[PDB]
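Undergrad: Below is the structure I would like to discuss, written out as C-alpha cells.
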Amino acid sequence: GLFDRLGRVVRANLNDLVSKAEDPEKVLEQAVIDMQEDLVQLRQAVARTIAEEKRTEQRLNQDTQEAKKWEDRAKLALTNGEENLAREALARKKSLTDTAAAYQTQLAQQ
Amino acid sequence: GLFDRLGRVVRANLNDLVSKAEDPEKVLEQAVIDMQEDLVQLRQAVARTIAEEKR
Amino acid sequence: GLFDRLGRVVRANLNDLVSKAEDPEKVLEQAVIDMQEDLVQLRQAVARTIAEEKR
Amino acid sequence: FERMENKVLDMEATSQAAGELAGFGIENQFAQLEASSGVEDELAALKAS
Amino acid sequence: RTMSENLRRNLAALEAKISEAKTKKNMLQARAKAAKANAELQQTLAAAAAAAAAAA
Amino acid sequence: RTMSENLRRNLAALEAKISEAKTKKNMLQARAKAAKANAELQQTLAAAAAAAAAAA
C-alpha cells in the first residue's frame, strides 16, 4: 500500500538521524562485544542439546537392563514349570527391545 | 531487532568511556587478585565434593 | 460420551496446574509421611481381627 | 515415587551439562597428547638410569 | 472359572497396553520439548549474529 | 487363625517396602543436592576465571 511505503521512508529517515549520533569508532566495537554475547547464548543452548542426547542414552540403558531382568524372570518361570509366565516375561522383553531400537534411532539422529 | 542493536552500541560506548578511566597498570594486577579469589571459591566447592564422596 | 472425555481433559489440565505449584522435594517426603500413617491405620484394624479371633 | 524419579533425572541432566563443558575440553585435548608422551619419555629415562 | 481365566488375562492385557502408552507419552513429550528448543536456539543465534556482524 | 497369619505377614511386608522407600528417599535427595552443587561450582569457576583472565 502507498502509506506503508511512505511510512517506511519517514521511519527510515528518523532511524538514520539517530544512527549518525552514534560514534563509529566506539559503537563498532560495541557491535563486536554484542556478537561475543551472541556466541555466549549459542554455547548454553548447544550444551543443553548434549544433555538431551545423554538422556535418551539413559532411557536406552534402563530399558535394556529391564529386558535383562525380564529374561531372568522368564528363566525362573521355566525352572518352576510356569511356561505361561515365561511367555508373558518374553512379551515384556520384546516391547523393551523394540522401544530400545526406537531410542537407538533417536540417539543416532541426536 | 533494530533497537537492540542501537541499544548495545550506545551501552558499549558508555562502557568504553568508563574502561579508559581505569589505570591499565593498577587494574591489570587487580584482575590477577580477582582471579586468585576465583581459585579460592573453586577449592571450597571441590573439597565439599570430597566430603560428599566420603558420605 | 464426548463431554465426559472433554471434561476429563479440562479437569486434568487444572489438576496439573495445581500439581506444579507443589515443591517436589518437600511434598515427596510428605507422601512418605502419609504412607506411614496408612500403615498406622492398617495395624489398628489387623489387631481388631485378633480380638475377634480370640472372641 | 514416579514424580520423585522425574526429579532424580534433574541430576542425570546435570551430568550431560558437564559433558557439554567437556566438549570444549575435547578441542583443547591435543595438549594431553604432548603431556602423556612427555611423562612416558622422562619415565623411560628414569627406568634406564 | 473359565470366564475368570479369560477376564484375568484381559485385565492384564489392558494394563499392559496402558503401561505401553505411558512410556510412549514420556518419550513423545521429550522430543517435542527438545525440538522446540533446537529451533529457537539455531534460528536466534544464526539470525542475530549474521545481521549484527554485517551491519557493523 | 489362618487369616491372622496371612495378615501378620502382609503387615510386615508393607512396613518392609515402606522402610525400603525411606532409605531410597534419603539417597535420592542426597544425589540431587550434590548434583546441584557440582553444576554451580564447575560452571561458575570455569566461566569467571576464563572471562576475567582473557579480558585483563
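Convention: chains lettered A, B, ... in C-alpha cells order; per-chain residue numbering from 1; ligands numbered from 1 as shown.
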Can you pull out the residues contacting range 50-56 of chain A? Cut-off 8 Å, using only C-alpha atoms, and skip same-chain residues under 6 positions away; I want them as a count of residues only.
TA: 13
Undergrad: Extract, using only C-alpha atoms, all DNA, RNA and protein residues at most 9 Å from range 14-28 of chain B, discarding same-chain residues fewer than 6 positions from it, and format them as an MDAnalysis selection string.
TA: (chainID A and resid 26 30) or (chainID F and resid 56)
Undergrad: Sorted by chain and rising residue number, which residues of chain F lie within 12 Å of chain A, and what are their closest atom pairs and distances in Å to one decimal, counting only C-alpha atoms, as JSON lines?
TA:
```
{"residue": "F:43", "atom": "CA", "partner": "A:44", "partner_atom": "CA", "distance": 10.9}
{"residue": "F:47", "atom": "CA", "partner": "A:40", "partner_atom": "CA", "distance": 10.5}
{"residue": "F:51", "atom": "CA", "partner": "A:40", "partner_atom": "CA", "distance": 11.2}
{"residue": "F:55", "atom": "CA", "partner": "A:33", "partner_atom": "CA", "distance": 11.6}
```
Undergrad: Residues of the last selection are to be written out with N, CA and C atoms, as a PDB file, in the first residue's frame.
TA:
```pdb
ATOM      1  N   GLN F  43      30.585 -24.631  36.626  1.00  0.00           N
ATOM      2  CA  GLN F  43      30.262 -23.579  35.668  1.00  0.00           C
ATOM      3  C   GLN F  43      30.722 -22.197  36.138  1.00  0.00           C
ATOM      4  N   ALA F  47      33.765 -20.266  33.989  1.00  0.00           N
ATOM      5  CA  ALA F  47      33.361 -19.059  33.284  1.00  0.00           C
ATOM      6  C   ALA F  47      34.017 -17.788  33.836  1.00  0.00           C
ATOM      7  N   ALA F  51      36.911 -15.692  31.556  1.00  0.00           N
ATOM      8  CA  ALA F  51      36.492 -14.371  31.098  1.00  0.00           C
ATOM      9  C   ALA F  51      37.354 -13.241  31.676  1.00  0.00           C
ATOM     10  N   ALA F  55      40.120 -10.949  29.343  1.00  0.00           N
ATOM     11  CA  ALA F  55      39.900  -9.509  29.260  1.00  0.00           C
ATOM     12  C   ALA F  55      41.096  -8.704  29.790  1.00  0.00           C
TER      13      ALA F  55
END
```
Undergrad: Mind checking which residues fall within 10 Å of residue 18 in chain F, counting only C-alpha atoms, ignoring those fewer than 2 positions away in the same chain, and posting them as a PyMOL selection string?
TA: (chain C and resi 32-33+35-36+39) or (chain F and resi 12-16+20-24)
Undergrad: Just write the chosen residues, N, CA, C and O atoms, as a compact mmCIF listing (two decimals), in the first residue's frame.
TA:
```
# COMPACT_ATOMS: atom_id res chain seq x y z
N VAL C 32 5.67 -39.79 51.88
CA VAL C 32 6.18 -40.90 52.70
C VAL C 32 5.59 -40.83 54.12
O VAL C 32 5.26 -41.86 54.69
N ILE C 33 5.38 -39.63 54.67
CA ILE C 33 4.72 -39.43 55.97
C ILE C 33 3.27 -39.96 55.89
O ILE C 33 2.82 -40.71 56.75
N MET C 35 2.15 -42.19 53.80
CA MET C 35 2.24 -43.64 53.67
C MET C 35 2.53 -44.30 55.04
O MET C 35 2.10 -45.42 55.29
N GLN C 36 3.22 -43.60 55.94
CA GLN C 36 3.46 -44.11 57.28
C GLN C 36 2.15 -44.10 58.09
O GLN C 36 1.87 -45.09 58.75
N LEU C 39 0.00 -47.15 57.21
CA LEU C 39 0.40 -48.34 57.97
C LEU C 39 -0.15 -48.28 59.41
O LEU C 39 -0.51 -49.30 59.99
N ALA F 12 3.84 -57.04 57.88
CA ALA F 12 5.29 -56.99 57.93
C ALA F 12 5.86 -56.67 56.54
O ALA F 12 6.80 -55.88 56.41
N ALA F 13 5.27 -57.22 55.48
CA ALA F 13 5.68 -56.95 54.10
C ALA F 13 5.40 -55.49 53.70
O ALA F 13 6.18 -54.90 52.95
N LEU F 14 4.32 -54.89 54.22
CA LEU F 14 4.00 -53.50 53.93
C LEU F 14 5.05 -52.61 54.59
O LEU F 14 5.69 -51.82 53.90
N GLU F 15 5.29 -52.77 55.89
CA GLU F 15 6.29 -51.92 56.54
C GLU F 15 7.69 -52.14 55.95
O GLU F 15 8.46 -51.20 55.87
N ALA F 16 8.00 -53.35 55.46
CA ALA F 16 9.27 -53.62 54.80
C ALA F 16 9.43 -52.78 53.53
O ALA F 16 10.50 -52.19 53.32
N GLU F 20 12.02 -49.63 52.91
CA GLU F 20 12.85 -49.58 51.70
C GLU F 20 12.71 -48.22 51.00
O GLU F 20 13.70 -47.58 50.64
N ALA F 21 11.48 -47.72 50.86
CA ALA F 21 11.23 -46.43 50.23
C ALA F 21 11.90 -45.29 51.01
O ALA F 21 12.46 -44.38 50.40
N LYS F 22 11.90 -45.35 52.35
CA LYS F 22 12.52 -44.31 53.18
C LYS F 22 14.04 -44.28 53.00
O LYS F 22 14.61 -43.19 52.85
N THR F 23 14.73 -45.43 52.93
CA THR F 23 16.19 -45.41 52.70
C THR F 23 16.50 -44.87 51.29
O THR F 23 17.36 -44.01 51.13
N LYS F 24 15.71 -45.28 50.29
CA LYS F 24 15.86 -44.79 48.91
C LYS F 24 15.67 -43.28 48.84
O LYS F 24 16.46 -42.60 48.19
```
Undergrad: Using every C-alpha atom paired in order, could you least-squares fit chain F onto chain E and give me the moved chain as an mmCIF file with N, CA, C and O atoms, in the first residue's frame?
TA:
```
data_model
loop_
_atom_site.group_PDB
_atom_site.id
_atom_site.type_symbol
_atom_site.label_atom_id
_atom_site.label_comp_id
_atom_site.auth_asym_id
_atom_site.auth_seq_id
_atom_site.Cartn_x
_atom_site.Cartn_y
_atom_site.Cartn_z
ATOM 1 N N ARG F 1 -15.402 -70.431 36.078
ATOM 2 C CA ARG F 1 -13.939 -70.452 36.285
ATOM 3 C C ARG F 1 -13.138 -70.382 34.981
ATOM 4 O O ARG F 1 -11.976 -69.976 34.980
ATOM 5 N N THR F 2 -13.777 -70.676 33.846
ATOM 6 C CA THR F 2 -13.136 -70.497 32.532
ATOM 7 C C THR F 2 -13.313 -69.044 32.075
ATOM 8 O O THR F 2 -12.437 -68.480 31.415
ATOM 9 N N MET F 3 -14.366 -68.368 32.548
ATOM 10 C CA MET F 3 -14.594 -66.957 32.271
ATOM 11 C C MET F 3 -13.624 -66.119 33.106
ATOM 12 O O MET F 3 -13.076 -65.150 32.594
ATOM 13 N N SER F 4 -13.360 -66.493 34.359
ATOM 14 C CA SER F 4 -12.425 -65.749 35.200
ATOM 15 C C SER F 4 -10.973 -65.873 34.722
ATOM 16 O O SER F 4 -10.251 -64.882 34.800
ATOM 17 N N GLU F 5 -10.539 -66.991 34.124
ATOM 18 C CA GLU F 5 -9.256 -67.026 33.404
ATOM 19 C C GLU F 5 -9.210 -66.046 32.231
ATOM 20 O O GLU F 5 -8.240 -65.317 32.066
ATOM 21 N N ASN F 6 -10.262 -65.986 31.422
ATOM 22 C CA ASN F 6 -10.367 -65.050 30.317
ATOM 23 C C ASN F 6 -10.347 -63.596 30.814
ATOM 24 O O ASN F 6 -9.582 -62.777 30.311
ATOM 25 N N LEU F 7 -11.120 -63.256 31.843
ATOM 26 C CA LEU F 7 -11.134 -61.904 32.405
ATOM 27 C C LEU F 7 -9.800 -61.516 33.031
ATOM 28 O O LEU F 7 -9.343 -60.391 32.871
ATOM 29 N N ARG F 8 -9.115 -62.445 33.707
ATOM 30 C CA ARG F 8 -7.819 -62.162 34.347
ATOM 31 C C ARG F 8 -6.703 -61.887 33.338
ATOM 32 O O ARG F 8 -5.885 -60.991 33.560
ATOM 33 N N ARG F 9 -6.769 -62.543 32.168
ATOM 34 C CA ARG F 9 -5.866 -62.268 31.037
ATOM 35 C C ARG F 9 -6.242 -60.946 30.371
ATOM 36 O O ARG F 9 -5.354 -60.156 30.079
ATOM 37 N N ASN F 10 -7.530 -60.663 30.160
ATOM 38 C CA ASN F 10 -7.968 -59.400 29.553
ATOM 39 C C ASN F 10 -7.621 -58.190 30.436
ATOM 40 O O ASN F 10 -7.214 -57.149 29.923
ATOM 41 N N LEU F 11 -7.693 -58.338 31.760
ATOM 42 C CA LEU F 11 -7.328 -57.289 32.706
ATOM 43 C C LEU F 11 -5.817 -57.030 32.659
ATOM 44 O O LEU F 11 -5.388 -55.877 32.633
ATOM 45 N N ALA F 12 -5.017 -58.094 32.525
ATOM 46 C CA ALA F 12 -3.569 -57.954 32.448
ATOM 47 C C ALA F 12 -3.159 -57.358 31.091
ATOM 48 O O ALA F 12 -2.281 -56.503 31.024
ATOM 49 N N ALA F 13 -3.827 -57.753 30.008
ATOM 50 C CA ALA F 13 -3.571 -57.222 28.674
ATOM 51 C C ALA F 13 -3.963 -55.741 28.562
ATOM 52 O O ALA F 13 -3.293 -54.977 27.865
ATOM 53 N N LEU F 14 -5.009 -55.311 29.278
ATOM 54 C CA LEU F 14 -5.425 -53.914 29.276
ATOM 55 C C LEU F 14 -4.365 -53.083 29.984
ATOM 56 O O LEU F 14 -3.831 -52.149 29.390
ATOM 57 N N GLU F 15 -3.980 -53.449 31.210
ATOM 58 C CA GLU F 15 -2.966 -52.661 31.911
ATOM 59 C C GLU F 15 -1.627 -52.690 31.163
ATOM 60 O O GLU F 15 -0.911 -51.695 31.184
ATOM 61 N N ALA F 16 -1.308 -53.768 30.437
ATOM 62 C CA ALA F 16 -0.095 -53.840 29.630
ATOM 63 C C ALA F 16 -0.104 -52.775 28.519
ATOM 64 O O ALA F 16 0.909 -52.096 28.324
ATOM 65 N N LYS F 17 -1.243 -52.539 27.843
ATOM 66 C CA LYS F 17 -1.285 -51.507 26.791
ATOM 67 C C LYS F 17 -1.429 -50.097 27.375
ATOM 68 O O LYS F 17 -0.948 -49.143 26.766
ATOM 69 N N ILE F 18 -1.957 -49.957 28.590
ATOM 70 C CA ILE F 18 -1.993 -48.661 29.284
ATOM 71 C C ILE F 18 -0.555 -48.304 29.715
ATOM 72 O O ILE F 18 -0.106 -47.169 29.558
ATOM 73 N N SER F 19 0.193 -49.301 30.193
ATOM 74 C CA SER F 19 1.595 -49.185 30.597
ATOM 75 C C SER F 19 2.463 -48.773 29.400
ATOM 76 O O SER F 19 3.257 -47.836 29.491
ATOM 77 N N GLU F 20 2.249 -49.410 28.244
ATOM 78 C CA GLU F 20 2.951 -49.089 26.998
ATOM 79 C C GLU F 20 2.673 -47.639 26.571
ATOM 80 O O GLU F 20 3.592 -46.885 26.239
ATOM 81 N N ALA F 21 1.410 -47.212 26.627
ATOM 82 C CA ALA F 21 1.038 -45.850 26.269
ATOM 83 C C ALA F 21 1.721 -44.816 27.174
ATOM 84 O O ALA F 21 2.174 -43.778 26.693
ATOM 85 N N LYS F 22 1.860 -45.106 28.473
ATOM 86 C CA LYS F 22 2.515 -44.197 29.420
ATOM 87 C C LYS F 22 4.008 -44.031 29.111
ATOM 88 O O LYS F 22 4.501 -42.901 29.104
ATOM 89 N N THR F 23 4.735 -45.102 28.780
ATOM 90 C CA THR F 23 6.164 -44.950 28.419
ATOM 91 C C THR F 23 6.301 -44.156 27.111
ATOM 92 O O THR F 23 7.105 -43.221 27.023
ATOM 93 N N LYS F 24 5.435 -44.435 26.125
ATOM 94 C CA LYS F 24 5.427 -43.705 24.845
ATOM 95 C C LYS F 24 5.151 -42.215 25.065
ATOM 96 O O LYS F 24 5.842 -41.382 24.487
ATOM 97 N N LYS F 25 4.220 -41.874 25.965
ATOM 98 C CA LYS F 25 3.854 -40.493 26.309
ATOM 99 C C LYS F 25 5.080 -39.695 26.732
ATOM 100 O O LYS F 25 5.320 -38.619 26.190
ATOM 101 N N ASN F 26 5.885 -40.235 27.647
ATOM 102 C CA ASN F 26 7.084 -39.534 28.111
ATOM 103 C C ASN F 26 8.091 -39.276 26.980
ATOM 104 O O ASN F 26 8.584 -38.159 26.836
ATOM 105 N N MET F 27 8.367 -40.276 26.139
ATOM 106 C CA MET F 27 9.326 -40.125 25.030
ATOM 107 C C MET F 27 8.847 -39.113 23.980
ATOM 108 O O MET F 27 9.634 -38.302 23.483
ATOM 109 N N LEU F 28 7.547 -39.090 23.696
ATOM 110 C CA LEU F 28 6.975 -38.146 22.740
ATOM 111 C C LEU F 28 7.000 -36.711 23.302
ATOM 112 O O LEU F 28 7.400 -35.776 22.605
ATOM 113 N N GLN F 29 6.670 -36.530 24.586
ATOM 114 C CA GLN F 29 6.714 -35.223 25.240
ATOM 115 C C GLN F 29 8.153 -34.673 25.274
ATOM 116 O O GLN F 29 8.374 -33.482 25.046
ATOM 117 N N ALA F 30 9.150 -35.547 25.442
ATOM 118 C CA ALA F 30 10.560 -35.165 25.472
ATOM 119 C C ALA F 30 11.010 -34.664 24.099
ATOM 120 O O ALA F 30 11.606 -33.590 24.000
ATOM 121 N N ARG F 31 10.704 -35.407 23.029
ATOM 122 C CA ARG F 31 11.070 -34.993 21.668
ATOM 123 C C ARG F 31 10.456 -33.647 21.308
ATOM 124 O O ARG F 31 11.130 -32.837 20.680
ATOM 125 N N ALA F 32 9.226 -33.375 21.747
ATOM 126 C CA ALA F 32 8.569 -32.109 21.441
ATOM 127 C C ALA F 32 9.233 -30.930 22.172
ATOM 128 O O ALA F 32 9.416 -29.856 21.593
ATOM 129 N N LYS F 33 9.703 -31.157 23.400
ATOM 130 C CA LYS F 33 10.396 -30.128 24.182
ATOM 131 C C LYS F 33 11.765 -29.843 23.557
ATOM 132 O O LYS F 33 12.126 -28.686 23.349
ATOM 133 N N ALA F 34 12.485 -30.898 23.176
ATOM 134 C CA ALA F 34 13.793 -30.795 22.539
ATOM 135 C C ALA F 34 13.706 -30.065 21.190
ATOM 136 O O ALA F 34 14.402 -29.079 20.966
ATOM 137 N N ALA F 35 12.756 -30.457 20.339
ATOM 138 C CA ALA F 35 12.570 -29.847 19.030
ATOM 139 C C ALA F 35 12.230 -28.353 19.144
ATOM 140 O O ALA F 35 12.732 -27.546 18.358
ATOM 141 N N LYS F 36 11.474 -27.960 20.179
ATOM 142 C CA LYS F 36 11.116 -26.551 20.384
ATOM 143 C C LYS F 36 12.362 -25.744 20.754
ATOM 144 O O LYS F 36 12.566 -24.657 20.220
ATOM 145 N N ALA F 37 13.246 -26.311 21.570
ATOM 146 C CA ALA F 37 14.490 -25.660 21.953
ATOM 147 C C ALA F 37 15.492 -25.596 20.783
ATOM 148 O O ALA F 37 16.092 -24.547 20.552
ATOM 149 N N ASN F 38 15.653 -26.679 20.010
ATOM 150 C CA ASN F 38 16.577 -26.702 18.870
ATOM 151 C C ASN F 38 16.259 -25.600 17.861
ATOM 152 O O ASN F 38 17.152 -24.866 17.445
ATOM 153 N N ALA F 39 14.986 -25.470 17.488
ATOM 154 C CA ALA F 39 14.555 -24.472 16.522
ATOM 155 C C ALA F 39 14.834 -23.042 17.001
ATOM 156 O O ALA F 39 15.443 -22.255 16.277
ATOM 157 N N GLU F 40 14.444 -22.719 18.236
ATOM 158 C CA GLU F 40 14.655 -21.385 18.787
ATOM 159 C C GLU F 40 16.133 -21.029 18.893
ATOM 160 O O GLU F 40 16.519 -19.931 18.492
ATOM 161 N N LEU F 41 16.968 -21.947 19.381
ATOM 162 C CA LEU F 41 18.396 -21.693 19.534
ATOM 163 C C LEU F 41 19.086 -21.507 18.183
ATOM 164 O O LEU F 41 19.734 -20.489 17.965
ATOM 165 N N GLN F 42 18.881 -22.432 17.244
ATOM 166 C CA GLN F 42 19.521 -22.353 15.934
ATOM 167 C C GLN F 42 19.131 -21.093 15.164
ATOM 168 O O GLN F 42 20.002 -20.370 14.677
ATOM 169 N N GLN F 43 17.834 -20.785 15.102
ATOM 170 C CA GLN F 43 17.365 -19.606 14.382
ATOM 171 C C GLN F 43 17.802 -18.300 15.049
ATOM 172 O O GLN F 43 18.269 -17.391 14.363
ATOM 173 N N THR F 44 17.701 -18.210 16.376
ATOM 174 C CA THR F 44 18.071 -16.991 17.105
ATOM 175 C C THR F 44 19.551 -16.668 16.950
ATOM 176 O O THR F 44 19.901 -15.541 16.603
ATOM 177 N N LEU F 45 20.423 -17.658 17.159
ATOM 178 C CA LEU F 45 21.866 -17.459 17.060
ATOM 179 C C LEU F 45 22.297 -17.109 15.636
ATOM 180 O O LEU F 45 23.022 -16.133 15.442
ATOM 181 N N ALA F 46 21.825 -17.852 14.637
ATOM 182 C CA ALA F 46 22.202 -17.594 13.255
ATOM 183 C C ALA F 46 21.772 -16.205 12.764
ATOM 184 O O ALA F 46 22.580 -15.464 12.203
ATOM 185 N N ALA F 47 20.515 -15.828 13.015
ATOM 186 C CA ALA F 47 19.983 -14.546 12.578
ATOM 187 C C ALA F 47 20.629 -13.350 13.287
ATOM 188 O O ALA F 47 21.073 -12.409 12.628
ATOM 189 N N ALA F 48 20.720 -13.390 14.618
ATOM 190 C CA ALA F 48 21.292 -12.293 15.386
ATOM 191 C C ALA F 48 22.775 -12.050 15.073
ATOM 192 O O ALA F 48 23.183 -10.903 14.883
ATOM 193 N N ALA F 49 23.570 -13.116 14.973
ATOM 194 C CA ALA F 49 24.991 -12.995 14.686
ATOM 195 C C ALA F 49 25.260 -12.436 13.284
ATOM 196 O O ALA F 49 26.021 -11.480 13.138
ATOM 197 N N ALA F 50 24.597 -12.984 12.261
ATOM 198 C CA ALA F 50 24.790 -12.539 10.889
ATOM 199 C C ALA F 50 24.346 -11.087 10.657
ATOM 200 O O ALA F 50 25.086 -10.307 10.053
ATOM 201 N N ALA F 51 23.172 -10.703 11.167
ATOM 202 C CA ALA F 51 22.645 -9.353 10.994
ATOM 203 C C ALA F 51 23.504 -8.286 11.685
ATOM 204 O O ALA F 51 23.877 -7.292 11.060
ATOM 205 N N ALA F 52 23.862 -8.507 12.952
ATOM 206 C CA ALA F 52 24.679 -7.556 13.692
ATOM 207 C C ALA F 52 26.074 -7.401 13.073
ATOM 208 O O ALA F 52 26.541 -6.279 12.877
ATOM 209 N N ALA F 53 26.714 -8.518 12.713
ATOM 210 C CA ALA F 53 28.044 -8.513 12.121
ATOM 211 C C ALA F 53 28.078 -7.768 10.785
ATOM 212 O O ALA F 53 28.938 -6.914 10.582
ATOM 213 N N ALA F 54 27.124 -8.045 9.896
ATOM 214 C CA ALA F 54 27.067 -7.389 8.598
ATOM 215 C C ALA F 54 26.856 -5.875 8.722
ATOM 216 O O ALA F 54 27.580 -5.100 8.099
ATOM 217 N N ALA F 55 25.906 -5.446 9.561
ATOM 218 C CA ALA F 55 25.609 -4.031 9.759
ATOM 219 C C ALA F 55 26.811 -3.254 10.314
ATOM 220 O O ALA F 55 27.185 -2.199 9.792
ATOM 221 N N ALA F 56 27.440 -3.794 11.357
ATOM 222 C CA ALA F 56 28.600 -3.169 11.971
ATOM 223 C C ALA F 56 29.786 -3.109 11.003
ATOM 224 O O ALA F 56 30.385 -2.050 10.823
#
```
Undergrad: Could you make a table, as JSON lines, of the residues of chain C that have an atom within 7 Å of an atom of chain F, each with its nearest atom pair and distance in Å to one decimal, counting only C-alpha atoms, in chain and number order?
TA:
```
{"residue": "C:46", "atom": "CA", "partner": "F:7", "partner_atom": "CA", "distance": 6.8}
{"residue": "C:50", "atom": "CA", "partner": "F:4", "partner_atom": "CA", "distance": 6.8}
{"residue": "C:53", "atom": "CA", "partner": "F:1", "partner_atom": "CA", "distance": 6.7}
```
Undergrad: For chain D, report every residue with an atom at most 9 Å from chain F (counting only C-alpha atoms), formatted as number ranges by chain.
TA: D: 1, 4-5, 7-12, 14-15, 17-18, 21
Undergrad: Export, as a PDB file, in the first residue's frame, the selected residues with C-alpha atoms.
TA:
```pdb
ATOM      1  CA  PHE D   1       7.896 -42.293  43.592  1.00  0.00           C
ATOM      2  CA  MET D   4      10.491 -38.110  42.558  1.00  0.00           C
ATOM      3  CA  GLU D   5      12.135 -40.195  39.761  1.00  0.00           C
ATOM      4  CA  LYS D   7      13.176 -35.076  39.900  1.00  0.00           C
ATOM      5  CA  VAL D   8      16.137 -37.582  40.031  1.00  0.00           C
ATOM      6  CA  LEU D   9      16.576 -37.145  36.251  1.00  0.00           C
ATOM      7  CA  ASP D  10      17.499 -33.457  37.047  1.00  0.00           C
ATOM      8  CA  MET D  11      20.825 -34.908  38.369  1.00  0.00           C
ATOM      9  CA  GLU D  12      21.186 -37.052  35.191  1.00  0.00           C
ATOM     10  CA  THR D  14      23.196 -32.049  35.083  1.00  0.00           C
ATOM     11  CA  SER D  15      25.683 -34.866  34.204  1.00  0.00           C
ATOM     12  CA  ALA D  17      25.721 -30.389  31.239  1.00  0.00           C
ATOM     13  CA  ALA D  18      29.241 -31.334  32.457  1.00  0.00           C
ATOM     14  CA  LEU D  21      31.608 -28.459  29.048  1.00  0.00           C
TER      15      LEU D  21
END
```
Undergrad: How would chain C read as a compact mmCIF listing (two decimals) with C-alpha atoms, in the first residue's frame after a least-squares superposition onto chain B over every Cα atom, matched in order?
TA:
```txt
# COMPACT_ATOMS: atom_id res chain seq x y z
CA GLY C 1 15.62 -6.08 16.43
CA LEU C 2 16.96 -2.62 15.37
CA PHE C 3 16.64 -1.00 18.84
CA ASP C 4 18.53 -3.95 20.44
CA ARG C 5 21.49 -3.27 18.07
CA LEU C 6 21.35 0.53 18.67
CA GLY C 7 20.97 -0.08 22.46
CA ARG C 8 24.08 -2.34 22.55
CA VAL C 9 26.08 0.34 20.60
CA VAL C 10 25.21 3.23 22.98
CA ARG C 11 25.77 0.93 26.04
CA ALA C 12 29.15 -0.20 24.60
CA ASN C 13 30.33 3.44 24.05
CA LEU C 14 29.43 4.28 27.70
CA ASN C 15 31.21 1.10 28.93
CA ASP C 16 34.38 2.03 26.89
CA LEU C 17 34.30 5.61 28.32
CA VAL C 18 34.36 4.10 31.85
CA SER C 19 37.01 1.48 30.82
CA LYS C 20 39.58 4.19 29.87
CA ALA C 21 39.33 5.93 33.31
CA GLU C 22 40.81 2.72 34.90
CA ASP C 23 44.64 2.76 35.05
CA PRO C 24 45.94 -0.28 32.99
CA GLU C 25 48.95 -0.81 35.29
CA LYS C 26 46.92 -0.93 38.58
CA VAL C 27 43.71 -2.60 37.37
CA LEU C 28 45.56 -5.38 35.47
CA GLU C 29 47.01 -6.70 38.75
CA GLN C 30 43.57 -6.20 40.44
CA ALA C 31 42.36 -8.62 37.68
CA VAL C 32 45.04 -11.16 38.81
CA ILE C 33 43.97 -10.67 42.50
CA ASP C 34 40.33 -11.27 41.43
CA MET C 35 41.46 -14.42 39.54
CA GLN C 36 43.22 -15.63 42.74
CA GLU C 37 39.95 -15.37 44.77
CA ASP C 38 38.17 -17.24 41.88
CA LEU C 39 40.56 -20.18 42.71
CA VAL C 40 39.67 -19.65 46.43
CA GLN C 41 35.97 -20.19 45.53
CA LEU C 42 36.79 -23.33 43.47
CA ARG C 43 38.86 -25.03 46.26
CA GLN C 44 36.00 -24.70 48.80
CA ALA C 45 33.48 -26.36 46.42
CA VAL C 46 35.95 -29.12 45.35
CA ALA C 47 36.67 -30.02 49.00
CA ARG C 48 32.86 -30.23 49.64
CA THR C 49 32.61 -32.87 46.85
CA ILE C 50 35.26 -34.95 48.71
CA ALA C 51 33.08 -34.83 51.85
CA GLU C 52 30.05 -35.99 49.79
CA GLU C 53 32.15 -38.88 48.30
CA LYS C 54 33.15 -39.94 51.85
CA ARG C 55 29.44 -39.74 52.93
```
Undergrad: Would you mind reading off the distance between CA of residue 38 in chain A and CA of residue 23 in chain D, one decimal, in Å?
TA: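 Computed distance, CA of residue 38 in chain A to CA of residue 23 in chain D, equals 19.1 Å.
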Undergrad: Take CA of residue 20 in chain A and CA of residue 8 in chain A and report the distance between them in Å, one decimal.
TA: 18.3 Å
Undergrad: For the interface of chain A with chain B (cut-off 8 Å, counting only C-alpha atoms), please tabulate each contacting residue of chain A alongside its nearest pair of atoms and their separation in Å to one decimal, rows sorted by chain and increasing number, as JSON lines.
TA:
```
{"residue": "A:19", "atom": "CA", "partner": "B:6", "partner_atom": "CA", "distance": 7.8}
{"residue": "A:22", "atom": "CA", "partner": "B:10", "partner_atom": "CA", "distance": 6.9}
{"residue": "A:23", "atom": "CA", "partner": "B:13", "partner_atom": "CA", "distance": 7.9}
{"residue": "A:26", "atom": "CA", "partner": "B:13", "partner_atom": "CA", "distance": 5.1}
{"residue": "A:27", "atom": "CA", "partner": "B:9", "partner_atom": "CA", "distance": 4.5}
{"residue": "A:28", "atom": "CA", "partner": "B:9", "partner_atom": "CA", "distance": 7.2}
{"residue": "A:29", "atom": "CA", "partner": "B:12", "partner_atom": "CA", "distance": 7.5}
{"residue": "A:30", "atom": "CA", "partner": "B:12", "partner_atom": "CA", "distance": 4.4}
{"residue": "A:31", "atom": "CA", "partner": "B:9", "partner_atom": "CA", "distance": 6.1}
{"residue": "A:33", "atom": "CA", "partner": "B:12", "partner_atom": "CA", "distance": 7.6}
{"residue": "A:34", "atom": "CA", "partner": "B:8", "partner_atom": "CA", "distance": 6.5}
```
Undergrad: Take the residues that were just selected and, keeping C-alpha atoms, output them as a PDB file, in the first residue's frame.
TA:
```
ATOM      1  CA  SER A  19      22.343   6.338  13.512  1.00  0.00           C
ATOM      2  CA  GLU A  22      26.473   7.095  17.383  1.00  0.00           C
ATOM      3  CA  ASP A  23      30.293   7.360  17.189  1.00  0.00           C
ATOM      4  CA  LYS A  26      33.089   3.276  19.778  1.00  0.00           C
ATOM      5  CA  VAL A  27      29.864   1.627  18.582  1.00  0.00           C
ATOM      6  CA  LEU A  28      31.639  -0.652  16.055  1.00  0.00           C
ATOM      7  CA  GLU A  29      33.481  -2.420  18.906  1.00  0.00           C
ATOM      8  CA  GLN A  30      30.209  -2.453  20.957  1.00  0.00           C
ATOM      9  CA  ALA A  31      28.841  -4.425  17.933  1.00  0.00           C
ATOM     10  CA  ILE A  33      31.032  -7.180  22.138  1.00  0.00           C
ATOM     11  CA  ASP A  34      27.331  -7.819  21.312  1.00  0.00           C
TER      12      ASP A  34
END
```
Undergrad: Could you work out how far CA of residue 83 in chain A lies from CA of residue 64 in chain A, giving the answer in Å with one decimal?
TA: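 Those two atoms sit 22.7 Å apart.
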